[PDB]
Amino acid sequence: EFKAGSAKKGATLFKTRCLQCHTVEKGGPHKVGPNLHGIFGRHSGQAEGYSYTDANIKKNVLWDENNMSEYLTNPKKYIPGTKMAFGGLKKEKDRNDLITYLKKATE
């Protein structure tokens, strides 16, 4: 579960752990993973022009800071069968920092 962290640290975590597959900007393209602009408050599997797995659409999670933290702890345990091949951020502070950044950077 989420507590406010450091967006500055979260930016560095994004650059090293997520940027490979994702962009955050309004104008950012889908890559291996979908662009994440507007992710919070949208249901999973809803970015236009991206081909999601059945598993991601089926989860139908309304993304918020708390379920994002559970997801990022271990994506495959939260959405078994997702094609996001990322083992997770096991340190709670890392998830808090990353999500603090993501809440701002995807607006």
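Start at 1 with the first residue shown and count on from there. C-alpha atoms forming the largest set that superposes within 1.5 Å between two forms make up the rigid core.
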Do the Cα atoms of 21 to 29 or those of 8 to 16 sit farther, on average, from the shown form in 4 other deposited structures of this protein after fitting on the core?
-> 21 to 29
Averaged over C-alpha atoms, is the B-factor higher for 32 to 40 or for 63 to 71 in this PDB entry?
-> 63 to 71
Averaging the C-alpha temperature factors as deposited, the higher value of 48 to 56 versus 22 to 30 falls on 48 to 56
What third of its chain, lowest, middle or highest, does the C-alpha temperature factor of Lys15 fall into?
-> middle
In terms of the chain's CA B-factor thirds, is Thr106 lowest, middle or highest?
-> lowest
